[PDB]
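1. starting from these lines, generate the structure:
(2 chains, ligands or ions: 2)
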Amino acid sequence: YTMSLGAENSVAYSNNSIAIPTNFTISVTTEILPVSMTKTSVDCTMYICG
Amino acid sequence: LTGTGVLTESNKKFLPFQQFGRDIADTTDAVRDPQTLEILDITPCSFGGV
Ligand SMILES: *[C@@H]1O[C@H](CO)[C@@H](O[C@@H]2O[C@H](CO)[C@@H](O)[C@H](O)[C@H]2NC(C)=O)[C@H](O)[C@H]1NC(C)=O
Ligand SMILES: *[C@@H]1O[C@H](CO)[C@@H](O)[C@H](O)[C@H]1NC(C)=O
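-> Numbers count the residues shown, from 1 in each chain, chains lettered A, B, ... in the order given. Ligands and ions are numbered 1, 2, ... in the order given. Here you go, the structure:
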C-alpha cells in the first residue's frame, strides 16, 4: 500500500476563537542513548602471525 | 592439527565420529585425543598487554 502520513486534522481556525486547556496530563517518556562502546585492543603481531 | 594452548579436561560430550571442536568464530577449542579417547579443552595461553 501507499503509506499514510497521519490522520487528517483540520484545526478550527478563525480570527476570534481560541482553545484553552481545561486540564492536563503528566507524561513520562523514555529516551535511550548509547554512551560507550566496548574497549578492545589487538596484539597486531599475534593476530597476523601468532 | 597444531597450535599453542592450555590443554584441560572438558565436560563436552563429542559424538563418537568427531575429532575436533570449534566455537562460533570457527577456532579450535576442543580436541579428542587419538591415543586415549578423552576430550581435551583448549584454552589459549594467557597473553595480555603490558
Ligand atoms: C482532569 O483529568 C483527571 C484525569 O487525568 C481527572 O481525574 C479523574 O476524575 C474522574 C471523575 O472526576 C475520576 O473518575 C478519575 O478517577 C480521576 N482520575 C485521576 C487519575 O484522578 C480530573 O477530574 C480532571 N479534571 C477536570 C477539571 O476536568
Ligand atoms: C591405543 O593404545 C592405547 C594405549 O593404552 C589404548 O588405551 C587404546 O585402546 C588403543 N586403541 C585406540 C583405538 O586408541
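2. does the residue nearest in space to the middle of chain A sit in a helix, a strand or a coil?
-> Nearest to the geometric centre of chain A sits residue A:31, at 7.1 Å (CA atoms, centre = their mean). Look at residue A:31: counting by DSSP: H, G, I helix; E, B strand; the rest coil, its state is coil.
3. for it, give its distance to residue A:3.
-> 25 Å (CB to CB, to the nearest Å). Placement of C-beta: from N, CA and C, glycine included.
4. likewise for residue A:29?
-> As judged by CB to CB, residue A:29 and residue A:3 stand 24 Å apart.
5. tell me, how many residues neighbour whichever residue of chain A sits closest to ligand 1?
-> Closest to ligand 1 within chain A is residue A:23: 3.7 Å, counting by CB to the nearest ligand atom. Residue A:23 has 4 neighbours, counted by other CB atoms under 10 Å in any protein chain shown.
6. same deal with residue B:21?
-> Around residue B:21 there are 18 other residues, counting by other CB under 10 Å.
7. partner residues bridging the residue nearest to it when sequence neighbours are not counted?
-> Closest residue in space to residue B:21, ignoring its immediate chain neighbours: residue B:30 at 3.3 Å, by CB to CB, 6 or more residues apart in numbering or on different chains. Taking DSSP bridges as the rule, residue B:30 bridges to residue B:21, residue B:41.
8. contacting residues around residue B:30?
-> B:10, B:12, B:14, B:20-21, B:39-42 (CB atoms under 8 Å, 6 or more residues apart in numbering or on different chains).
9. which pair in those spans the largest distance?
-> Taking CB to CB as the measure, the contacts of residue B:30 span a maximum distance of 13.3 Å, between B:14 and B:42.
10. could you check which residue of chain B lies nearest ligand 1?
-> When scored by CB to the nearest ligand atom, chain B has residue B:24 as its residue closest to ligand 1, at 50.5 Å.
11. so what's the backbone phi/psi at that residue?
-> Phi and psi for residue B:24, reported as degrees, to the nearest 10, are phi -60, psi -30.
12. chain A versus that one, what's the distance?
-> Residue B:24 sits 17 Å away from chain A, going by CB to the nearest CB, to the nearest Å.
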